[PDB]
Amino acid sequence: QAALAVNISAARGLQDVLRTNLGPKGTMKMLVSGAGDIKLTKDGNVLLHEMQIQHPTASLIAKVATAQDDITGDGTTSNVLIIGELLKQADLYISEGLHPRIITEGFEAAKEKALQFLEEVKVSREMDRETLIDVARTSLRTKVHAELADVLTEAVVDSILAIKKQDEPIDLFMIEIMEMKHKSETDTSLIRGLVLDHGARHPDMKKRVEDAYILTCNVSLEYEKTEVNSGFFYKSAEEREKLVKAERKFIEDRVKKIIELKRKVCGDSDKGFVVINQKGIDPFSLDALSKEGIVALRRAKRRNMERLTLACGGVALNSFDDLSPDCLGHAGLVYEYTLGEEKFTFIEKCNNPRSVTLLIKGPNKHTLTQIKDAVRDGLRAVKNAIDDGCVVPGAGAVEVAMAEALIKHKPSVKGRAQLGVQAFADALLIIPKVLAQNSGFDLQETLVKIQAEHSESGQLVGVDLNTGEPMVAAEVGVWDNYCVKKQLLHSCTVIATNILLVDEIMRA
Amino acid sequence: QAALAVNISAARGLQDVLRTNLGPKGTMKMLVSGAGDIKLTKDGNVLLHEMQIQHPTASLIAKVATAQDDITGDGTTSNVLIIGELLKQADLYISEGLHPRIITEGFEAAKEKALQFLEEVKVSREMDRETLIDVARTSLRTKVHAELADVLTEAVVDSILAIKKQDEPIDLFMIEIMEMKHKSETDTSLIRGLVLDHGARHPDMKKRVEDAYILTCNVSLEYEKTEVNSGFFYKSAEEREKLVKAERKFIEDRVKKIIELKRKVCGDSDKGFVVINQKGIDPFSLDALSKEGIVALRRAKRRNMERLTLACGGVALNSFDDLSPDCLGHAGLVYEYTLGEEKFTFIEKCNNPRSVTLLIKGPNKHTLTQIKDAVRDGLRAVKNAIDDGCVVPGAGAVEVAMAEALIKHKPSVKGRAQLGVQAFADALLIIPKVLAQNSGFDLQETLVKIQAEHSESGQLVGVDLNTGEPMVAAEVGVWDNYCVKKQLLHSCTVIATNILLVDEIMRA
Amino acid sequence: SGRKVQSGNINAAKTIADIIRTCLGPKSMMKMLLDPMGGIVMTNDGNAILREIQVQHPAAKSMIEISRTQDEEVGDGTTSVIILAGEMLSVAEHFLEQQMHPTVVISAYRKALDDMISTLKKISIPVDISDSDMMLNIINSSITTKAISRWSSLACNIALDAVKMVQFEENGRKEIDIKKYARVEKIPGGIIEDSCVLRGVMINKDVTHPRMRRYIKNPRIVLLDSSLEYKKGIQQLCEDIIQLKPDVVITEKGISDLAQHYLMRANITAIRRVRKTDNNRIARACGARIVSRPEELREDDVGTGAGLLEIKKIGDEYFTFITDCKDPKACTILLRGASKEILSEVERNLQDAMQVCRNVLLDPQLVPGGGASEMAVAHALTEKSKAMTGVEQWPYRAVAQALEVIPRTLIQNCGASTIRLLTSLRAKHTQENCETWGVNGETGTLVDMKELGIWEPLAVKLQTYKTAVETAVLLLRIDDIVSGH
Ligand SMILES: Nc1ncnc2c1ncn2[C@@H]1O[C@H](COP(=O)(O)OP(=O)(O)O)[C@@H](O)[C@H]1O
Ligand SMILES: Nc1ncnc2c1ncn2[C@@H]1O[C@H](COP(=O)(O)OP(=O)(O)O)[C@@H](O)[C@H]1O
Ligand SMILES: Nc1ncnc2c1ncn2[C@@H]1O[C@H](COP(=O)(O)OP(=O)(O)O)[C@@H](O)[C@H]1O
């Protein structure tokens, strides 16, 4: 009747696996696929998809943890560690009978006390560039190489500052990252306005164009007066010559419209009307548009036109027959960058001072994958910081204070829920201990020093991962997200209670 | 590394074996000999002495525990339980580093604090009958049936109160326990004086001797003849058959010397001449001296003779003469008792009333032995209580108060010794838990109730081992010995430290 | 074998009862489902536990089936039924090993069941009908401890209005109630407050082109299973329909625009792609008739139904409103929200309260929950068995001593000791005559249930006890399983 032992053992095993990953000094994990592809990562959000999990309840914990941390994206490893420690602390008392339901009551009471205590240790300030820089640094050093994260911090914080319209949170589309394969990492710069993935490699593309416009093109050289794109009807003689003429006049009858529009907007494309096409265009049409300053481009992506529609103004719809000059998409400046082999289009000064993009760049996928998910985590963390007005100290400083508050609140609760809150407060201390252990310092000595410092002085002191000393965690600038901590408590308590409440595992 | 784990497991196993004996409600254990003899008992000393322990280090723990318990009164099972819980608590932290020296320093600091606290907790209540009744009840209900213990309390307390008149610590020699197998066990009381093991084959010498004089001197009515000549009745048979004679003349000379002593110091045929011999005496001279009023007896061990010397007086030697009456002693009543087939010599109302024996009439051998050991333990407990003149509350009480003192004293100490202090406190928690468990109640529920009641009361509170609710031991009447607690703390700390300090097991 | 098969049947019963014995009460423990792929399921409901698990013994299958049939008939209490049946079949082990026949055990069980029915009907507290006060009290008692605590303010009045929409007055006073005829309208979107009630059938299907006289001030519905074609060269059926002159004729086939004009020539409105679960409730609420045989065609082919028809396209979708129906026995209830994950549960608990209400119309009685009723009837039986003699007195007493499993498990899955609490509960339940106390499910402490405020419908308790006793007697009546393996 004791399947709780099996569940606890599997949870502890998962804790052991996901340990040694916290802080900037965490050890990376080595994800190898079955085919032979390799992957290096440290964050639990992607690590809890590590091909094989073996134990089924460990898979359950992974599934629920991922599904619930998809809303904050920073408490995964901490969630797993605190779950494992809660289960172990509960087991020390379940071993001597003590039905787990009252343990669950104690856990819930301790959670309420901890949530109450969190509301007064959070510091709310008119956060500025330096504070977001510190937040991004804390969120980045813990997911990528220490030195490398320093350059990405600036490109993240300035991008978020530009994107921040008002109290409304940011949007996922409103910041986009780009992939490219330069030999050297060459930092990562911030580009105002949308960046196009691909372009045509005609020699006469206009580089410096100001106050340009744009329209999307779907099908222009396949079928005459028909939007369908498919195989050619060679058998039908009337259709065969119609599609041959579709090569020339099907594009000319609207290139004339494009050139007359660009002329009546600015003499002989004085402002340089630009065009974009879903696919390739006629080589003669390409030459004509290059000579007319129209810059024909191909290989348009499905995520480009809808992003630039509200960014470049008008509506750059795929279909032809522009007709009314309202759908044309204004572009203050457009550039063509062809670093190494691939060429890129930089759409700047569009009808939006927002919707910027990043420029992550480096060696083959084994590194740029880390770059991209690390910068994504940094962006999400700084987005949480921009959403709330309060931030909390890190380095486990908040949790030592939480454990102290719960211990002092323990005699208030009657019954064995007293013992439950004792176990919860004891288990909350895992993060400082793991942080101290991962840096090579003594696990218990550092915790004892931190507890003594927080007892003698009310400052929320934390662990310093370069000397193993109690550090204030406020002046140093190691702040953590408030919402992340709240969701961490909410997730850990519910998962621990649910696992503690099971019995009689059955083979369905 | 692993020897420590082996020792932890063995100590935990021994604790689990001995767990269900602590407290008056504990369940007894049955010791069956290899021959087939059965012994049923619960006293910690005899269990550790007679158990067939398998684990070597468990045998070591038992040996040192009984060796140290031989000093003080008792408290062995509590000591073993505390050692086991100390080891488990220490291992709980040693599993995560914590070189055992740190735990040892914590243990010694906690021991110092606990000794101090016990100094401020002791009760210096004076001498009276009722408190010693309560002490005897406490020491006896933990060893034997409740009603039988209530019967024995009066006899034990009265015997010790009588011996107390010297105003010096005295016991053991001066109180003796006699063994006999009467069917009715209810007959149990004090016999002021001395009871001899057995008498002799004599037809109605005196019965009620009343006032008489004692000289002993191992009368030689069956004086050692010259039987030993050469091996056995060889061809020279006239030696061992005729030379064996001429010694009856020595017997008759001793008879006339006894006659001279009797009608020299007695002044008449009355005033019985009490003499005892270590070997047999012929019935002929026995009755010849009996007709003269001489109280002749034979076949007694040494211990009764040295007891008579310090109580009545008299030299002891098989071959003697008409010595001086200086060693002669007098007794008020030398009444001889007989029950069915065995005869008892009640040497009562003698000089030096310090010598007192106790009467027990158990039906079978094992009940007799159990009553004897329970009486011995009660006598030792009352002796200790009188000697120190201070008693402490039982039923836990002191354990939980020392735990609170240690816990509040934990931040005072520096370094990682706080871990050792906490382990020591949680180890001292074992006694009230074991009492509650053996009663039939819940461990943590009763412990929480006791601690909560102690929180705002301050006064010592213990477990009521019939309902489980907290009770103040002073009012109810449960008392412990201060010296027992001192020895308990010292021995448990010493043995736990010695077990913790080991690191390797090797054969020899 | 002989009694070996009886022992096997009741052993299967016991080993299937204790699987879900722990998952009742307000503090039910969770269960683990390990499918042979690796997946794992959190579960509190024992019904899903039994549904997902696979069994091989016919006795276990029969008991699972009876638990189901109780589930979709009366609603809740399946775990209690399984637990009680397992307990009685387990306590029958002692007597089946006394070499004493199952028939006398069966007779003792039947007598015990009759006495338990009597003592429940004696101990039940009355409740008022058509009064919102103790209706809301019952809502607090049973309709709570569900996912409705956040939406009880709407569930309560939805049910309280819904109580008077499915009545049949056949043989007595509103004692007949049918279950599926309530026009459920579950549609996500908008706020949950948009959920309301309407007296009439709500049909989600509509004519493709409603350019005709759809609504008439006295719908005389005629049902027909025939298919409407172009014309005779079938207008002949329409011509025969003209004979009785109706205004609405309901079919189950598509209608064309020219077919629409041919129908409105007769001024009759047809419908298409409708469901039988809609047609039956339409006929029930309208009292119409379906007939197409010319010989049987008489003046009875037209039955007047509603009195007002309306069509509203709320959110560009084709609704059809049929209000003021002749028979208010199939009427509209509306459901609104975002997701159907909870509104379905709230609905089902509301019709559970509906069944509560109809039984209150039959027996307006409530039994004290939290083990109060169980211990009360156990005391009634134990004091009753003193007077009665015979060899069957032992099973009669054992049934009583077995039915106290519900408070025992309520205490067990709360932390508190199940021995001391049960002894104390019995002590304050025998000599204390007029109390009928119970055990708190939350804190595991004895409390008078008149003060805590938990009660159960009489009918559900009666059905649970009767089904448990019948299951026990059925499993004791099976003397051979063998027809093969
Ligand atoms: N410079 C630093 N000093 C101290 N602690 C740090 C530092 N950087 C990160 N941390 C710690 O790392 C933890 C967050 O990392 P983690 O929770 O492992 O991210 P994820 O769960 O997304 O993998 C925080 O608790 C924070 O205290
Ligand atoms: N009446 C009582 N109620 C509660 N506890 C008691 C009672 N009598 C004795 N005890 C407890 O029993 C313990 C002694 O039991 P035990 O260890 O068997 O004696 P010893 O080992 O000294 O022979 C004491 O610590 C005392 O607190
Ligand atoms: N708050 C409560 N306190 C005590 N007992 C309760 C409480 N709520 C429900 N119960 C008990 O739960 C039992 C029914 O629950 P259960 O049968 O598990 O639900 P279902 O009938 O849906 O299976 C009843 O006997 C009732 O006494």
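Here are the numbers for the structure shown:
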read-out	value
Region A:390-432 residues near the modelled A:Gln1 label - backbone nitrogen below 17 Å, point 7 Å along Cα→Cβ	none
Two-decimal ratio, region B:341-437, of alpha-carbon radius of gyration to 2.2 N^0.38 Å	1.83
Cα-only Debye scattering, the protein assembly as shown: base-10 log of I(q)/I(0) at q = 0.07, 0.09 Å⁻¹	-1.11, -1.37
Teacher prompt: A:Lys291 distances to equivalent labels in other copies, 7 Å Cα→Cβ, nm	17.1
Spin-label zone in region C:222-255 - amide nitrogen under 17 Å from a point set 7 Å from the Cα of C:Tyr318 along the C-beta vector	C:228-229, C:249-255
Chain B, dipole about Cα centre (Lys/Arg Cβ +1, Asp/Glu Cβ -1), debye to the nearest 20	1300 debye
Label-to-label distance, nm, for residues given as C:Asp300 and A:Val315 (7 Å Cα→Cβ offset)	6.3 nm
5 angstrom amide H check on C:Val447, placed H, neighbours 5+ away	C:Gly438, C:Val439, C:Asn440
Dipole magnitude of region C:284-355, debye to nearest 20 (Cβ charges: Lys/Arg +1, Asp/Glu -1, about Cα centre)	100 debye
Region B:322-386: relative contact order in percent, alpha carbon pairs under 8 Å with at least 6 residues between	20 percent
Two-site FRET efficiency, A:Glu238 against A:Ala162, from Cβ-Cβ distance with R₀ of 60 Å, rounded to 0.05	0.60
Fewest-first sequence of B:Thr104, A:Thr77, A:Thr357 by Cβ atoms within 10 Å of each Cβ	B:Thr104, A:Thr357, A:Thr77
q = 0.14, 0.18 Å⁻¹: log10 I(q)/I(0) that the Debye formula gives for region C:123-258, counting C-alpha atoms only	-0.90, -1.18
Using a 7 Å Cα-to-Cβ projection, B:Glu130 label spacings across copies, nm, ascending	7.7
Cα shape, region C:166-232, gyration tensor, a/c 1.5 rule	oblate
Length-normalised contact order for chain B - Cα pairs under 8 Å, 6+ apart - percent	25 percent
Chain A - mean residue ellipticity at 222 nm from DSSP helices (-39,500 (n - 2.57) per run, n ≥ 4, rounded to 500)	-15500 deg cm²/dmol
Inter-chain Cβ neighbour average for residues C:18-31, partner chain, 10 Å	3
For peptides C:291-297, B:8-14, sequence by mean Cβ density within 10 Å, most packed first	B:8-14, C:291-297
Order by protection proxy (mean Cβ within 10 Å, highest first), peptides A:179-186, B:433-440	B:433-440, A:179-186
Three-way shape call for region A:381-447 based on the alpha-carbon gyration tensor, with the a/c threshold at 1.5	oblate
Averaged over B:448-455, number of beta-carbon atoms from partner chains that fall within 10 Å	2
At 7 Å out from Cα toward Cβ: B:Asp387 inter-copy label distances (nm, ascending)	7.4
Listed residue pairs exceeding 18 Å between alpha carbons, taken from B:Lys207/B:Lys271; C:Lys253/C:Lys312; C:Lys14/C:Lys384	C:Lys253/C:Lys312; C:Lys14/C:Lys384
Anchor A:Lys63: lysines whose Cα lies under 20 Å away (excluding residues fewer than 8 positions away in-chain)	A:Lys29, A:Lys42, A:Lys485, A:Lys486, C:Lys31
Sequence of C:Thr15, B:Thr138 once ranked by neighbouring C-beta atoms within 10 Å, starting from the fewest	C:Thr15, B:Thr138
Semi-axis lengths (Å, descending) of the ellipsoid that matches the C-alpha gyration tensor of chain A	57, 26, 19
Crossing angle, helix B:3-18 versus chain B [Cα axis fit, 0-90 degrees, rounded to tens]	60 degrees
About the Cα centre, charge dipole magnitude for the protein assembly as shown (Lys/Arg +1, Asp/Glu -1 at Cβ), debye	2740 debye
Number of partner chain Cβ atoms within 10 Å, mean per residue of A:407-416	2
Estimated distance in nm for a label pair at A:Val151 and B:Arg507, the labels positioned 7 Å out from Cα along Cα-to-Cβ	6.5 nm
Ranked packing of C:362-374, B:410-422, most packed first, by mean Cβ within 10 Å	C:362-374, B:410-422
Listed residue (C:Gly303, A:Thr467, C:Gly190) projecting farthest to the positive dipole end of the protein assembly as shown, Cβ model	C:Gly303
Selection from B:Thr20, B:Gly97, B:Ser78 lying farthest towards where the dipole of region B:1-128 points positive, charges on Cβ	B:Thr20
Computed E for C:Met42/B:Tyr337 - FRET, C-beta separation, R0 60 angstrom, nearest 0.05	0.15
Nearest-ten-degree value, helix B:248-261 long axis tilted from longest Cα axis of chain B	80 degrees
Degrees between helix B:417-428 axis and first principal axis of chain B (Cα, 0 to 90, nearest 10)	50 degrees
Distance-filtered residues of region B:315-340 - backbone nitrogen under 17 Å, label point 7 angstrom along B:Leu359 Cα→Cβ	B:333-340
Gyration tensor (alpha-carbon) shape descriptor, region B:261-315, a/c threshold 1.5	oblate
Most positive-pole-ward Cα, C:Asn440, C:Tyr396, C:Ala427, against dipole of region C:367-452 from beta carbon charges	C:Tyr396
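Every number in this text was worked out from the coordinates using simple rules, so none of it is lab data. Note: ideal-geometry Cβ built from the backbone for every residue, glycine included; neighbour counts use all protein chains shown.
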